[PDB]
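Below you'll find the structure, written out as structure tokens, and then a few comments.
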Amino acid sequence: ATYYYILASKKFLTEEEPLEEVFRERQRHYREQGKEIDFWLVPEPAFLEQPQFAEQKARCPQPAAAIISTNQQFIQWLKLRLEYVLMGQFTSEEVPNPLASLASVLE
């Protein structure tokens, strides 16, 4: 499959543009429609360490987090709303575990 994503520092996603409610409202909407959740919060994304993402890893302040989704419009919407984030995409053949997180502590 193809995964679209926005990437930003956790600092930006906590002190300027928290996505907490965006996620919960969308999850509630999907539940009411009986739709399968296809968007996910991925802190310290494993994919960002792969060679093909070297440029974005250099540009994005760490620690970072990605919002990944198979719905491209949702990701484009996030970019329009947040602005100061990186955006991109990758396939299942390019990243073995698309949603893998390297986070080591629980919120």
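In the condition set (1) more than 12 Å from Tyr4 (Cα to Cα); (2) over 12 Å from the mean Cα position of the chain (by Cα), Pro43 is compliant with all but (2).
Out of all the residues in the range 79-103, which are in a loop (DSSP other than H, G, I, E, B) and either free of Cβ contacts under 8 Å to residues at least 12 places away in the same chain or on the phi > 0 side of the Ramachandran plot (or both)? Passing the criteria: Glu83, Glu93, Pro96.
Can you tell me how many residues in the range 7-54 are at negative phi and touching a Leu at 6+ places or on another chain (Cβ under 6 Å)? Residues in the range 7-54 being at negative phi and touching a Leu at 6+ places or on another chain (Cβ under 6 Å): 5 in total. Any idea which residue in the range 55-81 is surrounded by the most Cβ atoms within 10 Å (Cβ to Cβ), counting only those that are in contact with a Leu (Cβ under 9 Å, 6 or more places away or on another chain) and under 18 Å from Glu93 (Cα atoms)? The extreme case among them is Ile68. Scanning the range 13-45 for residues being outside any helix (DSSP H, G or I), exposed (fewer than 13 other Cβ atoms within 10 Å of the Cβ) and not basic (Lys, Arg) gives a total of 5.
Each value in this text was obtained by applying a stated rule to the coordinates, not by laboratory testing. Using ideal geometry, Cβ is built from the backbone for each residue, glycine included, and neighbour counts are taken over all protein chains shown.
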